[PDB]
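> Below is a structure I'd like to ask you about.
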Amino acid sequence: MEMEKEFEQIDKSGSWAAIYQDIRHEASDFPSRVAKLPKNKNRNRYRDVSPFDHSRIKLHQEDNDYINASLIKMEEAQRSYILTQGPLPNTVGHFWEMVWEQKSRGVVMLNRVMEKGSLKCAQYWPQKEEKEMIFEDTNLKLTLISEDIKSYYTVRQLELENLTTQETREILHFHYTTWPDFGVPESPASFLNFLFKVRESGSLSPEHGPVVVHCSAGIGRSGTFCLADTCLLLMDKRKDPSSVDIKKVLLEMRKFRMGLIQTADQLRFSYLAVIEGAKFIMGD
Ligand SMILES: O=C1N[C@@H](c2c(F)cccc2Cl)Nc2ccccc21
């Protein structure tokens, strides 16, 4: 069923809450035993948001290999994403260790450091060229190379140096700065513009490690970003683009990380973004 018609049918009936609860009811449930070990309590921002054991990212160290991060592998679309929480004061070094070890080229940030008057994630990147950051626990150095501030997002070049080997790599940080404190954007135009800027950069492409995506918990806005990208790629690839079922793609992604898409308004926004983005993907 063409999703645009399914959309108007749910909207006229006002059943968004009922569709969303059906997804929550059918979603996968797998064990998260490593996340719940007592040694890991200060590595988790939220007690109710954990990575599944089968899909968690492992840090390459013998001490403690744990980070709140999951590998989402979309077999038919041929895309991989790492979804993670906003780093904590004691996990900023783990975060950049993961970026290094997984060979990522991009970090996608969908939140502000402060929202609703509270801290949603650590200030984990340098704000001035001449004041670099050193992470002594993981032996990494991070330098701001340049910034490009626009109305809806900012792009920057970070130089990450492995202090052990003196190798360096250029990481691109894509920061969406205008998602509202409450609800979802009224139009998906600026969110789709942002997604096409990440794509055009090569960060989502198979010659690199998976893109690292985060918000505060790494499930809501983060969920929206990877669902919209995967749905538009499947509409490009298949003979019948109207076969793409957004609810079935979301349940496949929820086999790899719990809770992706946190509200009925985020589900509706995801439909809107895919419907509007398809009017480029189908030749315009
Ligand atoms: O939009 C982009 N801007 C640049 C950029 C910066 F990130 C920071 C400062 C100046 C510039 Cl010029 N970097 C990019 C890399 C790949 C794709 C897109 C972009």
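In the structure tokens, each chain is lettered A, B, ... as it comes, each chain's residues begin at 1, and ligands are numbered from 1 in order of appearance.
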For residue 26 (chain A), list every protein, DNA or RNA residue within 9 Å, evaluated using only C-alpha atoms, and leave out those in the same chain fewer than 4 positions away; present the list as a VMD selection string.

chain A and resid 21 to 22 251

> Any chance you can output those residues with N, CA, C and O atoms as a JSON list (two decimals), in the first residue's frame?


[["chain", "number", "residue", "atom", "x", "y", "z"],
["A", 21, "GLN", "N", 1.76, 1.83, 19.09],
["A", 21, "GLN", "CA", 1.70, 0.80, 20.17],
["A", 21, "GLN", "C", 1.79, -0.60, 19.57],
["A", 21, "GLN", "O", 2.39, -1.47, 20.24],
["A", 22, "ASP", "N", 1.24, -0.84, 18.38],
["A", 22, "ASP", "CA", 1.37, -2.15, 17.65],
["A", 22, "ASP", "C", 2.86, -2.48, 17.39],
["A", 22, "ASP", "O", 3.32, -3.65, 17.61],
["A", 251, "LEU", "N", 10.78, -2.43, 12.28],
["A", 251, "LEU", "CA", 10.87, -3.68, 13.11],
["A", 251, "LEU", "C", 12.16, -4.44, 12.84],
["A", 251, "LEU", "O", 12.74, -4.99, 13.81]]

> Which residues of chain A have any atom within 10 Å of an atom in ligand 1 when counting only C-alpha atoms and all ligand atoms, and what is the closest pair of atoms for each, with the distance in Å to one decimal? Order the rows by chain and rising number and write it as a Markdown table.


| residue | atom | partner | partner_atom_place_in_ligand_line | distance |
| --- | --- | --- | --- | --- |
| A:105 | CA | ligand 1 | 16 (C) | 9.8 |
| A:106 | CA | ligand 1 | 16 (C) | 9.1 |
| A:144 | CA | ligand 1 | 8 (C) | 9.1 |
| A:145 | CA | ligand 1 | 8 (C) | 7.4 |
| A:146 | CA | ligand 1 | 9 (C) | 4.1 |
| A:147 | CA | ligand 1 | 9 (C) | 3.7 |
| A:148 | CA | ligand 1 | 9 (C) | 4.3 |
| A:149 | CA | ligand 1 | 9 (C) | 8.0 |
| A:150 | CA | ligand 1 | 1 (O) | 9.5 |
| A:153 | CA | ligand 1 | 1 (O) | 9.7 |
| A:154 | CA | ligand 1 | 7 (F) | 7.7 |
| A:155 | CA | ligand 1 | 7 (F) | 4.1 |
| A:156 | CA | ligand 1 | 7 (F) | 3.5 |
| A:157 | CA | ligand 1 | 7 (F) | 4.8 |
| A:158 | CA | ligand 1 | 7 (F) | 8.5 |
| A:170 | CA | ligand 1 | 15 (C) | 9.7 |
| A:171 | CA | ligand 1 | 15 (C) | 9.1 |
| A:172 | CA | ligand 1 | 7 (F) | 6.2 |
| A:173 | CA | ligand 1 | 7 (F) | 7.2 |
| A:174 | CA | ligand 1 | 7 (F) | 7.9 |
| A:194 | CA | ligand 1 | 1 (O) | 9.6 |
| A:196 | CA | ligand 1 | 18 (C) | 9.7 |
| A:197 | CA | ligand 1 | 18 (C) | 6.1 |
| A:198 | CA | ligand 1 | 17 (C) | 6.7 |
| A:199 | CA | ligand 1 | 17 (C) | 8.1 |
| A:200 | CA | ligand 1 | 17 (C) | 6.0 |
| A:201 | CA | ligand 1 | 17 (C) | 3.6 |
| A:202 | CA | ligand 1 | 16 (C) | 7.2 |
| A:203 | CA | ligand 1 | 16 (C) | 8.1 |

> Keeping N, CA, C and O atoms for every residue in the selection just given, could you write it to a file as a compact mmCIF listing (two decimals), in the first residue's frame?


# COMPACT_ATOMS: atom_id res chain seq x y z
N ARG A 105 34.27 7.52 9.35
CA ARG A 105 34.66 8.79 8.66
C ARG A 105 33.78 9.95 9.14
O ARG A 105 34.21 11.13 8.99
N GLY A 106 32.58 9.67 9.66
CA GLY A 106 31.63 10.72 10.10
C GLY A 106 31.06 10.42 11.47
O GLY A 106 30.90 9.19 11.78
N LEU A 144 40.44 20.68 16.49
CA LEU A 144 39.52 21.35 15.56
C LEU A 144 40.34 21.94 14.40
O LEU A 144 41.28 22.77 14.70
N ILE A 145 40.00 21.58 13.15
CA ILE A 145 40.73 22.01 11.93
C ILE A 145 39.97 23.18 11.31
O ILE A 145 40.60 24.17 10.94
N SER A 146 38.64 23.10 11.27
CA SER A 146 37.76 24.15 10.68
C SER A 146 36.30 23.89 11.02
O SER A 146 35.95 22.74 11.35
N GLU A 147 35.49 24.95 10.92
CA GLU A 147 34.02 24.95 11.18
C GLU A 147 33.34 25.68 10.02
O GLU A 147 33.94 26.63 9.48
N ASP A 148 32.14 25.22 9.64
CA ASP A 148 31.23 25.87 8.66
C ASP A 148 29.83 25.93 9.29
O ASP A 148 29.11 24.91 9.24
N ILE A 149 29.48 27.08 9.89
CA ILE A 149 28.18 27.27 10.62
C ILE A 149 27.11 27.75 9.67
O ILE A 149 27.25 28.87 9.14
N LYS A 150 26.02 26.98 9.52
CA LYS A 150 24.87 27.36 8.68
C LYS A 150 23.67 27.55 9.57
O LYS A 150 23.79 27.28 10.78
N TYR A 153 22.39 23.67 10.64
CA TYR A 153 23.45 22.68 10.96
C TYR A 153 24.82 23.34 10.83
O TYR A 153 24.93 24.41 10.20
N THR A 154 25.83 22.70 11.42
CA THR A 154 27.26 23.09 11.36
C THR A 154 28.09 21.86 10.97
O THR A 154 27.82 20.76 11.51
N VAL A 155 29.07 22.03 10.08
CA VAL A 155 30.04 20.98 9.66
C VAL A 155 31.43 21.38 10.14
O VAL A 155 31.76 22.58 10.07
N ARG A 156 32.24 20.41 10.56
CA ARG A 156 33.62 20.68 11.03
C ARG A 156 34.54 19.52 10.67
O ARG A 156 34.05 18.37 10.53
N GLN A 157 35.84 19.81 10.56
CA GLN A 157 36.90 18.81 10.33
C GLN A 157 37.67 18.66 11.64
O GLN A 157 38.23 19.67 12.13
N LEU A 158 37.64 17.45 12.19
CA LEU A 158 38.41 17.05 13.40
C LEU A 158 39.59 16.20 12.91
O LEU A 158 39.40 15.34 12.04
N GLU A 170 41.19 12.25 9.33
CA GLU A 170 40.22 13.37 9.31
C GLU A 170 38.81 12.80 9.54
O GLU A 170 38.38 11.96 8.74
N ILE A 171 38.14 13.26 10.60
CA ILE A 171 36.73 12.89 10.94
C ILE A 171 35.86 14.11 10.65
O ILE A 171 36.25 15.25 11.03
N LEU A 172 34.73 13.93 9.98
CA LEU A 172 33.74 15.02 9.74
C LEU A 172 32.62 14.90 10.78
O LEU A 172 31.99 13.82 10.87
N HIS A 173 32.38 15.97 11.55
CA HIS A 173 31.27 16.07 12.53
C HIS A 173 30.10 16.86 11.93
O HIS A 173 30.29 18.06 11.65
N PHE A 174 28.97 16.19 11.69
CA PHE A 174 27.72 16.79 11.17
C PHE A 174 26.77 17.02 12.35
O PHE A 174 26.30 16.03 12.93
N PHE A 194 19.94 18.05 5.46
CA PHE A 194 21.06 17.61 6.32
C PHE A 194 21.47 16.19 5.93
O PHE A 194 22.69 15.90 5.88
N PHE A 196 21.14 14.65 3.10
CA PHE A 196 21.84 14.67 1.78
C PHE A 196 23.24 15.24 1.90
O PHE A 196 24.14 14.72 1.24
N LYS A 197 23.48 16.14 2.84
CA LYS A 197 24.87 16.63 3.12
C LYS A 197 25.74 15.53 3.71
O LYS A 197 26.94 15.42 3.35
N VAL A 198 25.20 14.75 4.66
CA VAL A 198 26.01 13.60 5.18
C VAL A 198 26.32 12.64 4.00
O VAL A 198 27.46 12.14 3.87
N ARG A 199 25.32 12.29 3.23
CA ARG A 199 25.53 11.32 2.10
C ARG A 199 26.64 11.83 1.17
O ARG A 199 27.60 11.07 0.87
N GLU A 200 26.52 13.09 0.73
CA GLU A 200 27.40 13.71 -0.29
C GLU A 200 28.85 13.72 0.21
O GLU A 200 29.76 13.83 -0.64
N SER A 201 29.07 13.57 1.52
CA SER A 201 30.41 13.63 2.18
C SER A 201 31.17 12.29 2.06
O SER A 201 32.39 12.28 2.33
N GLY A 202 30.47 11.21 1.71
CA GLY A 202 31.07 9.84 1.68
C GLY A 202 31.02 9.12 3.03
O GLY A 202 31.39 7.92 3.11
N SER A 203 30.52 9.75 4.10
CA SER A 203 30.48 9.15 5.46
C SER A 203 29.61 7.88 5.53
O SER A 203 29.83 7.08 6.47

> Please identify the strand (DSSP E or B) residues within region 101-191 of chain A (assignment by DSSP from backbone atoms) and present them as a PDB file with C-alpha atoms, in the first residue's frame.


ATOM      1  CA  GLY A 106      31.631  10.723  10.100  1.00  0.00           C
ATOM      2  CA  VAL A 107      29.910  11.470  13.448  1.00  0.00           C
ATOM      3  CA  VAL A 108      26.247  12.630  13.214  1.00  0.00           C
ATOM      4  CA  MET A 109      24.965  14.636  16.302  1.00  0.00           C
ATOM      5  CA  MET A 114      22.095  21.735  26.756  1.00  0.00           C
ATOM      6  CA  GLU A 115      18.309  21.346  26.090  1.00  0.00           C
ATOM      7  CA  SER A 118      19.807  20.302  31.504  1.00  0.00           C
ATOM      8  CA  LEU A 119      22.973  18.669  30.070  1.00  0.00           C
ATOM      9  CA  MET A 133      41.819  17.747  23.663  1.00  0.00           C
ATOM     10  CA  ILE A 134      43.834  14.774  24.930  1.00  0.00           C
ATOM     11  CA  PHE A 135      42.015  11.591  26.229  1.00  0.00           C
ATOM     12  CA  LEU A 140      44.044   9.877  21.610  1.00  0.00           C
ATOM     13  CA  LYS A 141      44.375  13.597  20.598  1.00  0.00           C
ATOM     14  CA  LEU A 142      41.570  15.571  18.899  1.00  0.00           C
ATOM     15  CA  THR A 143      42.089  18.998  17.130  1.00  0.00           C
ATOM     16  CA  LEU A 144      39.516  21.348  15.557  1.00  0.00           C
ATOM     17  CA  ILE A 145      40.732  22.011  11.927  1.00  0.00           C
ATOM     18  CA  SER A 146      37.765  24.146  10.678  1.00  0.00           C
ATOM     19  CA  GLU A 147      34.022  24.953  11.178  1.00  0.00           C
ATOM     20  CA  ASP A 148      31.229  25.872   8.663  1.00  0.00           C
ATOM     21  CA  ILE A 149      28.185  27.266  10.624  1.00  0.00           C
ATOM     22  CA  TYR A 153      23.449  22.678  10.956  1.00  0.00           C
ATOM     23  CA  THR A 154      27.260  23.086  11.357  1.00  0.00           C
ATOM     24  CA  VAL A 155      30.039  20.976   9.662  1.00  0.00           C
ATOM     25  CA  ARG A 156      33.621  20.680  11.032  1.00  0.00           C
ATOM     26  CA  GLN A 157      36.902  18.807  10.329  1.00  0.00           C
ATOM     27  CA  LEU A 158      38.413  17.055  13.397  1.00  0.00           C
ATOM     28  CA  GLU A 159      41.936  15.553  13.260  1.00  0.00           C
ATOM     29  CA  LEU A 160      42.062  12.376  15.440  1.00  0.00           C
ATOM     30  CA  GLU A 161      45.570  11.142  16.301  1.00  0.00           C
ATOM     31  CA  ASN A 162      46.388   7.699  17.730  1.00  0.00           C
ATOM     32  CA  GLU A 167      48.686   7.822  12.681  1.00  0.00           C
ATOM     33  CA  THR A 168      46.077  10.601  12.072  1.00  0.00           C
ATOM     34  CA  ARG A 169      42.678  10.604  10.300  1.00  0.00           C
ATOM     35  CA  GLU A 170      40.220  13.371   9.307  1.00  0.00           C
ATOM     36  CA  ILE A 171      36.728  12.891  10.944  1.00  0.00           C
ATOM     37  CA  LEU A 172      33.743  15.015   9.742  1.00  0.00           C
ATOM     38  CA  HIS A 173      31.266  16.065  12.533  1.00  0.00           C
ATOM     39  CA  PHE A 174      27.718  16.794  11.174  1.00  0.00           C
ATOM     40  CA  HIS A 175      25.740  18.676  13.909  1.00  0.00           C
ATOM     41  CA  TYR A 176      22.013  19.237  13.375  1.00  0.00           C
TER      42      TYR A 176
END

> Listing only residues of region 75-146 of chain A within 12 Å of region 233-236 of chain A, what is the closest atom pair and its distance in Å (to one decimal) for each, using only C-alpha atoms, sorted by chain and residue number ascending, as a Markdown table?


| residue | atom | partner | partner_atom | distance |
| --- | --- | --- | --- | --- |
| A:75 | CA | A:234 | CA | 10.8 |
| A:76 | CA | A:234 | CA | 7.7 |
| A:77 | CA | A:234 | CA | 5.8 |
| A:78 | CA | A:233 | CA | 9.1 |
| A:79 | CA | A:233 | CA | 9.0 |

> Restricting the output to N, CA and C atoms, write the selected residues as a CSV table (one decimal), in the first residue's frame.


chain,number,residue,atom,x,y,z
A,75,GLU,N,20.8,-5.5,5.6
A,75,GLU,CA,21.3,-6.5,4.6
A,75,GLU,C,20.9,-6.1,3.1
A,76,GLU,N,19.6,-5.9,2.9
A,76,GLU,CA,19.1,-5.6,1.5
A,76,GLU,C,19.5,-4.1,1.1
A,77,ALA,N,19.5,-3.1,2.0
A,77,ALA,CA,19.9,-1.8,1.6
A,77,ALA,C,21.4,-1.7,1.5
A,78,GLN,N,22.2,-2.6,2.0
A,78,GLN,CA,23.7,-2.6,2.1
A,78,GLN,C,24.2,-1.3,2.8
A,79,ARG,N,23.6,-1.0,3.9
A,79,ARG,CA,24.1,0.1,4.8
A,79,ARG,C,24.3,-0.4,6.2

> Among region 6-252 of chain A, which ones does DSSP assign to alpha helix (DSSP H) (computed from the backbone)? Answer as an MDAnalysis selection string.

chainID A and resid 6:13 16:26 33:36 92:102 189:200 221:237 246:252

> List as an mmCIF file with N, CA, C and O atoms, in the first residue's frame the protein and nucleic acid residues near region 6-14 of chain A, meaning an atom at most 9 Å away when only C-alpha atoms are counted, but skip any in the same chain fewer than 5 places from it.


data_model
loop_
_atom_site.group_PDB
_atom_site.id
_atom_site.type_symbol
_atom_site.label_atom_id
_atom_site.label_comp_id
_atom_site.auth_asym_id
_atom_site.auth_seq_id
_atom_site.Cartn_x
_atom_site.Cartn_y
_atom_site.Cartn_z
ATOM 1 N N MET A 1 0.869 -1.217 0.000
ATOM 2 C CA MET A 1 0.000 0.000 0.000
ATOM 3 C C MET A 1 0.889 1.245 0.000
ATOM 4 O O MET A 1 1.613 1.436 0.999
ATOM 5 N N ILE A 19 -1.140 2.728 15.884
ATOM 6 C CA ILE A 19 -0.054 2.150 15.031
ATOM 7 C C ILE A 19 1.219 1.998 15.881
ATOM 8 O O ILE A 19 1.838 0.870 15.860
ATOM 9 N N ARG A 268 5.213 9.598 12.842
ATOM 10 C CA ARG A 268 4.570 10.439 11.797
ATOM 11 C C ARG A 268 5.596 11.283 11.049
ATOM 12 O O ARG A 268 5.514 11.347 9.810
ATOM 13 N N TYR A 271 7.492 9.117 8.437
ATOM 14 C CA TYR A 271 6.646 8.976 7.210
ATOM 15 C C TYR A 271 6.745 10.239 6.342
ATOM 16 O O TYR A 271 6.981 10.146 5.106
ATOM 17 N N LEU A 272 6.550 11.408 6.956
ATOM 18 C CA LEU A 272 6.589 12.704 6.215
ATOM 19 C C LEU A 272 7.914 12.871 5.503
ATOM 20 O O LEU A 272 7.872 13.348 4.352
#

> Env of region 212-218 of chain A: 8 Å cut, atoms = only C-alpha atoms, seq-sep filter 6 positions within chain, self excluded. Answer as a VMD selection string.

chain A and resid 45 to 46 49 81 to 86 99 104 106 to 111 120 to 121

> With only C-alpha atoms as the counted atoms, please give the residues lying no more than 7 Å from residue 219 (chain A), apart from itself and same-chain residues fewer than 3 positions off, as a list in words.

residues 222, 223, 259, 260, 261 and 262 of chain A

> Please produce an output containing C-alpha atoms for each residue in the selection, written as a short mmCIF file (atom, residue, chain, number, x, y, z; two decimals), in the first residue's frame.


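The result, written out as selection05.cif:
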data_model
loop_
_atom_site.label_atom_id
_atom_site.label_comp_id
_atom_site.auth_asym_id
_atom_site.auth_seq_id
_atom_site.Cartn_x
_atom_site.Cartn_y
_atom_site.Cartn_z
CA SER A 222 18.92 8.79 15.89
CA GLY A 223 16.21 6.23 14.95
CA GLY A 259 13.25 1.55 21.38
CA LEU A 260 14.13 3.15 17.97
CA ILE A 261 11.49 5.91 17.40
CA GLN A 262 10.38 7.03 20.91
#

> Which residues, written as a list in words, have at least one atom at most 10 Å from region 29-31 of chain A, with only C-alpha atoms counted and residues fewer than 3 positions away on the same chain left out?

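My reading of the contact set: residues 26, 34, 35, 36, 50, 51, 52, 53, 54, 55, 254, 255, 256, 257 and 258 of chain A.
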
> Could you save the residues just selected, with N, CA, C and O atoms, as a compact mmCIF listing (two decimals), in the first residue's frame?


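Contents of the output file result-v9.txt:
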# COMPACT_ATOMS: atom_id res chain seq x y z
N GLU A 26 5.09 -5.73 18.97
CA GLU A 26 5.71 -6.76 18.08
C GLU A 26 7.25 -6.70 18.09
O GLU A 26 7.89 -7.67 17.65
N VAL A 34 25.50 -7.80 29.52
CA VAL A 34 26.76 -7.03 29.74
C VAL A 34 26.42 -5.60 30.23
O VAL A 34 27.05 -5.17 31.22
N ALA A 35 25.46 -4.92 29.62
CA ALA A 35 25.04 -3.53 29.96
C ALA A 35 24.66 -3.46 31.44
O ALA A 35 24.84 -2.39 32.03
N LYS A 36 24.08 -4.53 32.00
CA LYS A 36 23.49 -4.49 33.37
C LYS A 36 24.49 -4.94 34.42
O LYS A 36 24.11 -4.90 35.58
N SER A 50 19.59 0.13 26.80
CA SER A 50 20.78 -0.73 26.77
C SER A 50 20.93 -1.33 25.38
O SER A 50 19.93 -1.64 24.73
N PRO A 51 22.18 -1.59 24.97
CA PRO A 51 22.45 -2.36 23.76
C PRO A 51 22.23 -3.87 24.03
O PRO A 51 22.65 -4.37 25.09
N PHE A 52 21.66 -4.58 23.05
CA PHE A 52 21.57 -6.06 23.08
C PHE A 52 22.96 -6.65 23.04
O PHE A 52 23.88 -6.10 22.32
N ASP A 53 23.16 -7.77 23.73
CA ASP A 53 24.48 -8.46 23.71
C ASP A 53 24.87 -8.88 22.28
O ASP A 53 26.09 -8.82 21.95
N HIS A 54 23.95 -9.34 21.44
CA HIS A 54 24.32 -9.95 20.13
C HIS A 54 24.85 -8.85 19.17
O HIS A 54 25.58 -9.21 18.23
N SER A 55 24.46 -7.59 19.34
CA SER A 55 24.75 -6.51 18.36
C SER A 55 25.61 -5.37 18.99
O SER A 55 25.88 -4.36 18.28
N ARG A 254 14.83 -2.63 14.82
CA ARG A 254 14.62 -2.91 16.27
C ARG A 254 15.09 -4.31 16.65
O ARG A 254 15.26 -4.59 17.88
N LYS A 255 15.46 -5.16 15.70
CA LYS A 255 16.17 -6.42 16.08
C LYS A 255 17.59 -6.10 16.58
O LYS A 255 18.19 -6.98 17.29
N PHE A 256 18.14 -4.91 16.25
CA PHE A 256 19.54 -4.57 16.55
C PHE A 256 19.70 -3.56 17.70
O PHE A 256 20.78 -3.63 18.38
N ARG A 257 18.73 -2.70 17.96
CA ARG A 257 18.75 -1.79 19.14
C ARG A 257 17.31 -1.56 19.55
O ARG A 257 16.46 -1.30 18.69
N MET A 258 17.04 -1.62 20.86
CA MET A 258 15.70 -1.40 21.43
C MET A 258 15.23 0.05 21.26
O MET A 258 16.07 0.99 21.29

> Just checking: using only C-alpha atoms, which residue out of A:187, A:242, A:205, A:138 ends up closest to residue 4 (chain A)?

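Selected residue with least distance to residue 4 (chain A): A:242.
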
> Using only C-alpha atoms, which residues sit within 12 Å of residue 117 (chain A) once same-chain residues fewer than 4 positions away are excluded, as a PDB file with N, CA, C and O atoms, in the first residue's frame?


ATOM      1  N   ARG A 112      21.554  19.291  21.040  1.00  0.00           N
ATOM      2  CA  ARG A 112      22.440  20.342  21.619  1.00  0.00           C
ATOM      3  C   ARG A 112      22.977  19.792  22.936  1.00  0.00           C
ATOM      4  O   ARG A 112      22.290  18.977  23.573  1.00  0.00           O
ATOM      5  N   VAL A 113      24.145  20.279  23.356  1.00  0.00           N
ATOM      6  CA  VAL A 113      24.786  19.933  24.650  1.00  0.00           C
ATOM      7  C   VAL A 113      23.847  20.277  25.827  1.00  0.00           C
ATOM      8  O   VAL A 113      23.701  19.399  26.767  1.00  0.00           O
ATOM      9  N   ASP A 181      13.199  21.689  21.309  1.00  0.00           N
ATOM     10  CA  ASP A 181      13.236  21.117  22.680  1.00  0.00           C
ATOM     11  C   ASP A 181      12.019  20.188  22.886  1.00  0.00           C
ATOM     12  O   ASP A 181      12.207  19.171  23.528  1.00  0.00           O
TER      13      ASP A 181
END

> Interatomic distance between CA of residue 103 (chain A) and CA of residue 204 (chain A)?

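Here the two named atoms are 12.0 Å from each other.
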
> Can you measure CA of residue 267 (chain A) to CA of residue 238 (chain A) for me? One decimal in Å is fine.

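Separation of CA of residue 267 (chain A) and CA of residue 238 (chain A): 23.0 Å.
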